[PDB]
Amino acid sequence: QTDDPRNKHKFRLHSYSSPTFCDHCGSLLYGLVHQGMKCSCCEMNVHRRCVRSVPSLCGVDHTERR
Ligand SMILES: [Zn+2]
Ligand SMILES: [Zn+2]
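For the sequence shown, the entry's author numbering begins at 94 and goes up steadily by one.
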């Protein structure tokens with residue numbers, strides 16, 4: 094099983110105490126999702142239905158222009 098292109102965000106529902114804001118829709122993650130989904134790779138909070146909208150932009154930041 095060599096094929097393993099998992100370069101997406103490792104979103105992981107956390108359990109701090111309240112839902113954080115979403116960066117893909119800029120909206121507080123209502124109870125619809127236990128808190129917010131924090132990416133365990135670049136730190137990105139999103140909704141449970143907003144990930145299917147993001148083109149998996151994890152580990153693909155970029156390089157400064159220096
Ligand atoms: Zn990420
Ligand atoms: Zn969202």
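Note that CB positions come from ideal geometry on N, CA and C, so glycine has one too.
If you draw a straight line from the Cα of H107 to the Cα of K101, it is about 18 Å long. In this model, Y109 and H127 are separated by some 10 Å (Cα to Cα). The C-beta distance from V153 to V147 rounds to 11 Å, too long to meet the 8 Å contact threshold. In terms of Cα proximity to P98, the closest of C115, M137, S149 and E136 is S149. Here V144 carries a coil assignment [DSSP, helix/strand/coil].
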